[PDB]
Amino acid sequence: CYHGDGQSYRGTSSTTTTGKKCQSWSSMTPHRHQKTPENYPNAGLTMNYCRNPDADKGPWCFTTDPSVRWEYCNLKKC
């Protein structure tokens, strides 16, 4: 569900703390990240899910919103 940093997470949450939908951890149309399964192999970096390949706080994603690079995702701690 969510265990602290939550780098450990492998849910199906493709939506952010603002109703945004997550960009493909593969894609780059809205924004040119550099945070790929290639770059971050060992992180369940698939489709468009909420995640934390960095020792970040809790699962993030890259936004599909041209105004919004990326942003946090609303998952409950556990």
Side-chain angles (χ1 to χ4, degrees):
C1 103
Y2 184 140
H3 343 119
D5 90 24
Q7 293 182 127
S8 17
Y9 175 74
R10 325 283 178 246
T12 290
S13 222
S14 116
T15 38
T16 70
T17 342
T18 69
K20 311 263 129 302
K21 154 218 324 207
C22 307
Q23 164 159 352
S24 319
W25 275 148
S26 110
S27 155
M28 260 161 223
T29 212
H31 328 233
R32 184 161 270 291
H33 61 292
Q34 225 87 271
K35 272 137 338 169
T36 36
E38 227 232 274
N39 282 283
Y40 297 85
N42 265 347
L45 256 70
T46 88
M47 224 101 167
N48 61 125
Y49 326 109
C50 291
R51 284 331 186 236
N52 197 247
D54 14 64
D56 233 26
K57 291 181 148 185
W60 72 271
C61 90
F62 266 107
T63 322
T64 174
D65 169 31
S67 120
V68 175
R69 184 162 182 61
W70 78 285
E71 104 194 271
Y72 282 112
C73 269
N74 237 158
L75 17 145
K76 196 250 222 142
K77 254 150 119 125
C78 264

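Residue numbers start at 1 and run along the sequence shown. The basis for the numbers below is simple: all heavy atoms, side chains too, and nothing from hydrogens, waters or symmetry mates.
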Q: Measure across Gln23 and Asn48 and return the closest heavy-atom pair with its distance rounded to 0.1 Å.
A: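 Heavy atoms of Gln23 and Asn48 come nearest at O-CB, 3.1 Å.
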
Q: Using the side-chain contact (heavy atoms from CB on, under 4.5 Å) rule, take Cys61 and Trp70 through it: C-alpha gap first, then chi angles, then the decisive distance, then the call.
A: CA-CA 5 Å; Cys61 90; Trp70 78 285; over 6 Å; no

Q: With rounding to the nearest 0.5 Å, note down the distance linking CH2 in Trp60 to NZ in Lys35.
A: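 Separation between the atoms: 4.0 Å.
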
Q: Which heavy atom of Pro59 sits nearest a heavy atom of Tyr9, and at what distance?
A: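 Smallest heavy-atom distance, with atoms named: CG-CD2, 4.0 Å.
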
Q: How close do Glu38 and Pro41 get, counting heavy atoms only, and between which atoms?
A: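 Shortest heavy-atom contact: O-CD, 3.3 Å.
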
Q: Name the orientation class of the two ring planes belonging to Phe62 and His31 (parallel below 30°, tilted from 30 to 60°, perpendicular beyond 60°).
A: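 Aromatic pair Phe62/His31 classed tilted.
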
Q: Is there a side-chain contact between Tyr49 and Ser13, using heavy atoms and a 4.5 Å cut-off?
A: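 They are not in contact (no side-chain heavy atoms under 4.5 Å apart), so the answer is no.
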
Q: Any chain of hydrophobic side-chain contacts (each under 4.5 Å) joining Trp25 to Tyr40?
A: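 Same cluster: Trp25 reaches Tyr40 through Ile, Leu, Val, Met, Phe, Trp or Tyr contacts under 4.5 Å.
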
Q: Is there a side-chain contact (heavy atoms from CB on, under 4.5 Å) between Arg51 and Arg10 once you walk through the steps?
A: CA-CA 8 Å; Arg51 284 331 186 236; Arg10 325 283 178 246; 3.7 Å; yes

Q: What heavy-atom pair brings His33 and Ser26 nearest, and what distance separates the two atoms?
A: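 In terms of heavy atoms, the two residues are closest at CE1-O, 4.2 Å.
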
Q: For the pair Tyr2 (side chain) and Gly4 (backbone), establish whether a donor and an acceptor sit closer than 3.5 Å, ignoring hydrogens and angles.
A: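 Yes, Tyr2 side chain to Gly4 backbone: donor-acceptor pair under 3.5 Å.
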
Q: Should the heavy atoms of other residues, nucleotides or ligands under 6.0 Å from CE of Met28 be counted, would the total exceed 12?
A: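 Yes.
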
Q: Over all heavy atoms of both residues, which pair between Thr16 and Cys22 is shortest? Give the atoms and the distance, please.
A: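 Nearest heavy atoms, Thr16 then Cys22: CG2-SG, 4.1 Å.
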
Q: With a 2.5 Å cut-off on the SG atoms, do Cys73 and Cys50 make it?
A: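 Yes, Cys73 links to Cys50 through a disulfide.
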
Q: For residues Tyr72 and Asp56, report the shortest heavy-atom separation together with the two atoms involved.
A: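 In this case the closest contact between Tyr72 and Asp56 is OH-OD2, 3.1 Å.
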
